[PDB]
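Engineer: Just so you know, the protein sequences line up as chains A and B, in that order.
For the first sequence, the positions run 1 to 47 when this note's numbering is used.
For the second sequence, the positions run 48 to 220 when this note's numbering is used.
For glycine and all other residues, C-beta sits at the position ideal for the given N, C-alpha and C.
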Amino acid sequence: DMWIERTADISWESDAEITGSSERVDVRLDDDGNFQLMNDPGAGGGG
Amino acid sequence: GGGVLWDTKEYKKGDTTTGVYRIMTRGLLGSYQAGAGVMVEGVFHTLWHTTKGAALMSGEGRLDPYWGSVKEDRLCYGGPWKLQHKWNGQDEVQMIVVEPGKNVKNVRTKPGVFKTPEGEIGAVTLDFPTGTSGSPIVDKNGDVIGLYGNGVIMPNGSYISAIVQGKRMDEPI
Ligand SMILES: *C(=O)[C@H](CCCNC(=N)N)NC(=O)[C@H](CCCCN)NC(=O)[C@H](CCCCN)NC(=O)c1ccc2ccccc2c1
Numbered sequence: 001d002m003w004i005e006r007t008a009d010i011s012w013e014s015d016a017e018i019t020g021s022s023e024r025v026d027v028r029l030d031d032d033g034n035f036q037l038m039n040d041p042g043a044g045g046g047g
Numbered sequence: 048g049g050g051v052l053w054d055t056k057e058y059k060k061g062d063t064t065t066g067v068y069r070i071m072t073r074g075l076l077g078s079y080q081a082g083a084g085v086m087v088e089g090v091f092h093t094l095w096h097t098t099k100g101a102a103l104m105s106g107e108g109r110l111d112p113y114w115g116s117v118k119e120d121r122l123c124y125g126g127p128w129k130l131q132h133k134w135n136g137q138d139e140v141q142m143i144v145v146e147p148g149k150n151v152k153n154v155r156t157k158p159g160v161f162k163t164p165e166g167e168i169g170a171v172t173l174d175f176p177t178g179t180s181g182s183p184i185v186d187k188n189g190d191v192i193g194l195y196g197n198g199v200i201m202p203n204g205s206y207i208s209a210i211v212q213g214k215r216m217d218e219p220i
């Protein structure tokens, strides 16, 4: 019940918009594939 | 929850035309965009949570999940993981934003990093709506270095996604 539709080529656009800052963040990755910040409710392992 | 090879009387294999794709589905309210992905070398790559392994229709054919990992949050259809490039940790990169209900556009950005106990991972500070996950991220040579969609929401409310990527898998031996 799920399908896919092509919508664009794979390529670098010379006139692409610029956005975002480069950050350095400490995280953990749990067994469920969740990144965790230190103060997130889910900080502290989990299955 | 890491890694698993799927079990898929044949069927006609769906259209694997190279490119960027929108992952669609029908809900109780009509059709909408569940996520996105990138088709390369005859294989469809996307994050795990976009389809969660559901079989996909492409053209008059079907594509079955080949490999996937919830922990890596990656999933590919039609064959082993084909992407084989990664951020060189130096240049800016570009996300081919496949936002639900909007035309595709490219946005470049200078990646930062997620500091993991197992090392560092490229991380782009780009905030795009639910359903954009699977959107490919490319380097200046136009190679797919990873996917968008799995990250954290900083205390300041801004979202940061890791450049989700895995290493190329060999064909079944
Ligand atoms: C994929 O389309 C989707 C894009 C999210 C963009 N978010 C944003 N710009 N803020 N990806 C996700 O939603 C992703 C799923 C992760 C599944 C497990 N690997 N979510 C996140 O990366 C992030 C995690 C935050 C907690 C970390 N400990 N969550 C969200 O971005 C998010 C959470 C809750 C809600 C609720 C309602 C609408 C949107 C969201 C987004």
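Return yes when the C-beta of residue 35 of chain B is under 6 Å from any heavy atom of ligand 1, and no when it is not.
Structural biologist: Here chain B has residues from 48 to 220 only, and residue 35 of chain B is not among them.
Engineer: Tell me, please, whether the CB atom of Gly44 of chain A is closer than 7 Å to any CB atom in chain B?
Structural biologist: no
Engineer: When you compare only the Cα positions, how much space is there between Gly44 of chain A and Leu37 of chain A?
Structural biologist: Cα to Cα, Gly44 of chain A sits roughly 10 Å from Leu37 of chain A.
Engineer: In chain order, what residues place their C-beta within less than 6 Å of a heavy atom belonging to ligand 1?
Structural biologist: A:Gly33, A:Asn34, A:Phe35, A:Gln36, A:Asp40, A:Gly42, B:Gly82, B:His96, B:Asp120, B:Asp174, B:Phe175, B:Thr177, B:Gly178, B:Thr179, B:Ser180, B:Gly196, B:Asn197, B:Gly198, B:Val199, B:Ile200 and B:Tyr206
Engineer: Express the C-alpha separation of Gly77 of chain B and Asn153 of chain B in angstroms, rounding to a whole number.
Structural biologist: One C-alpha to the other measures close to 28 Å.
Engineer: Can you pull the chain A residues whose beta carbon is under 9 Å from the beta carbon of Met71 of chain B, in chain order?
Structural biologist: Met2, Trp3, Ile4 and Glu5
Engineer: Over the uninterrupted alpha helix (DSSP H) stretch that includes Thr179 of chain B, give me the two end residues.
Structural biologist: Where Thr179 of chain B is concerned, there is no enclosing alpha helix (DSSP H), given that its DSSP letter is neither H nor E.
Engineer: Need the endpoints of the alpha helix (DSSP H) that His96 of chain B sits in, please.
Structural biologist: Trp95 to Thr98
Engineer: Can you have a look at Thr177 of chain B and say buried or exposed, based on whether 16 or more other CB atoms are within 10 angstroms of its CB?
Structural biologist: exposed
Engineer: Over the uninterrupted beta strand (DSSP E) stretch that includes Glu119 of chain B, give me the two end residues.
Structural biologist: It is not in any beta strand (DSSP E) - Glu119 of chain B carries neither H nor E in the DSSP assignment.
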